[PDB]
């Protein structure tokens, strides 16, 4: 395998804002090349000229440091209805918003952008006929974004499977059913998924649906980026065989990676996901623990630090 390693910038939002500060900390303190940039740092809602100015700043910092933006994703403050919003003008706003997000990420050298497929209201989801009708509408929104993103130089767009019905793809079966549909839609550039192996409906009568190993074996050929929540991983100092191999908080990297391999992973980006409460001492454990997480994976997946210039 030639996996690569990246970090979703979720936990760096608010705590960092200036591109130099963000990108120099990633390079110096995290020793990681690749990032999934979240929307909060250069927001598609802002004035067009502000976006351009900050994109130039960010691009200079990437070039100077050797850090790379490989994709864009909605951050913690972008988990919205979006293309599942029942208002036509609201949907239109977010279509144009995601078109600009694609422009930003393309400018920065990244190759894809995405978010949840959609998030439906109880009202829109619970009436199965309305649900299906809104799904067709949401697909057509994705299609529009994909066409613009092609022009911005992206390779694909993506959706993130979640853990309840109205946020989509909550079982492996539903997730692959939706993906089959988005592949068939034949967009200007392909639409793929970005699976999070910690996601899935925990109340499922199918234990696979919330088993990180089952997701690992299923997604790699349709999920170019794959999120791994670091909290899933064994931190050491437990007696061996005191928990299940697939117990969340006790998972080990070597066999997990083998599972991705059995799933047909060859050059997926493995994207680290961490969160820290805005309370002490958690708020000040962010850089140290992300650094630690990168060093955790470094023997298993190349971190790209050989390309850092500082």
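Numbering follows the first chain given and starts at 1.
A.B. asks: State which stretch shows the higher mean Cα B factor in the entry: 47-55 or 27-35.
C.D. replies: Stretch with the higher mean C-alpha B-factor: 27-35.
A.B. asks: Decide which of the stretches 229-237 and 206-214 has the higher mean C-alpha B-factor, going by the entry.
C.D. replies: The recorded data point to 229-237.
A.B. asks: If you compare 165, 78, 84, 161, which has the highest Cα B-factor in the entry?
C.D. replies: The listed residue with the largest C-alpha B-factor is 78.
A.B. asks: Going by the CA temperature factor in the entry, name the top one among 186, 121, 116, 100.
C.D. replies: Of the options given, 186 has the highest CA B-factor in the PDB entry.
A.B. asks: Thinking about Cα B factors across the chain, which third does residue 288 belong to?
C.D. replies: Tercile = middle for this residue's CA B-factor.
A.B. asks: Among the chain's modelled residues, which third holds the C-alpha B-factor of residue 245?
C.D. replies: It belongs to the highest third of the chain when residues are ordered by C-alpha B-factor.
A.B. asks: When the modelled residues of the chain are sorted by Cα temperature factor, does residue 157 land in the lowest, middle or highest third?
C.D. replies: Lowest third.
A.B. asks: Name the third of the chain's ranked CA B-factors that contains residue 198, choosing lowest, middle or highest.
C.D. replies: As the PDB entry reports it, the C-alpha B-factor of residue 198 lands in the middle third of its chain.
A.B. asks: Taking the chain's C-alpha temperature factors as the reference, tell me which third residue 295 falls into: lowest, middle or highest.
C.D. replies: Middle third, going by the recorded CA B-factors of the chain.
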